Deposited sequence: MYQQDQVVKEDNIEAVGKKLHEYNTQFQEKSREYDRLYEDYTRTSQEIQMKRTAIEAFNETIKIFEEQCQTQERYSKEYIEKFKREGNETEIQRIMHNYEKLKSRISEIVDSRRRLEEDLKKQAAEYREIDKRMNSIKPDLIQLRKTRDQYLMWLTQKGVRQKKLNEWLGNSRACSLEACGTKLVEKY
């Protein structure tokens, strides 16, 4: 009316399924370290890029200043003969511009790494999501076999030696 193997044989399988569980648990926990670690490394890159923007912003304010400030000034060095003081100002500005190119290049390099690390994150999260169903099924099997042997009346000491 209610539709829903020897004890030693079911105990042998309880040993196996608990082992296969504990292996899979240790595996998922390794990935969850990587997930949490990489989540932190990505946030560090996401604010380091902000620090690159805010630096590159400040260098560009300097360029704006260099042009506004020199425009109203440099006409005096032209009419008063100093071609050399003009050329000093301009070289010093090309030296500024040249430096921005390094900072932009290093921002590009970081942006490349965070592109790679975002792909790693998603891959780690994907591999966790193909371990979850195995893990949960091994949990529930392990628990079914315990329930079976308990009902059959197996001593608590015997179940403990099978569990690890």
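Missing from the model, relative to the deposited sequence, are the stretches 1-2, 7-10, 171-188.
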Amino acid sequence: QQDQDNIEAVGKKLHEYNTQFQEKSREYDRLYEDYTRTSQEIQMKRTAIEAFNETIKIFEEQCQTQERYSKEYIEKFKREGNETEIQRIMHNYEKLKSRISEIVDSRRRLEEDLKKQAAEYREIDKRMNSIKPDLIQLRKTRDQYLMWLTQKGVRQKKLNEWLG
From here on, numbers count along this sequence of modelled residues.
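Definition used throughout: the rigid core is the maximal C-alpha set that superposes within 1.5 Å between two forms.
Two stretches, 66-74 and 50-58, are weighed by how far their CA atoms sit from the shown form in 8 other deposited structures of this protein after rigid core superposition; the farther one is 66-74. Comparing 89-97 with 76-84 in 8 other deposited structures of this protein, after superposition on the rigid core, the stretch with the greater RMS C-alpha deviation is 76-84.
Missing-residue comparison: residue 3 falls in the unmodelled set for a third or more of the other PDB entries checked. When the C-alpha B-factors of 45-53 and 65-73 are averaged, 65-73 comes out higher. Of the two stretches examined, 88-96 and 74-82, the record assigns the greater average C-alpha temperature factor to 74-82.
By the numbers in the PDB entry, the CA B factor is greatest at 112 among 102, 112, 34, 60.
Of the candidates 142, 24, 152, 12, the deposited coordinates give 12 the top C-alpha B factor. Ranked against the other modelled residues of its chain, the C-alpha B-factor of residue 138 as given in the entry falls in the lowest third.
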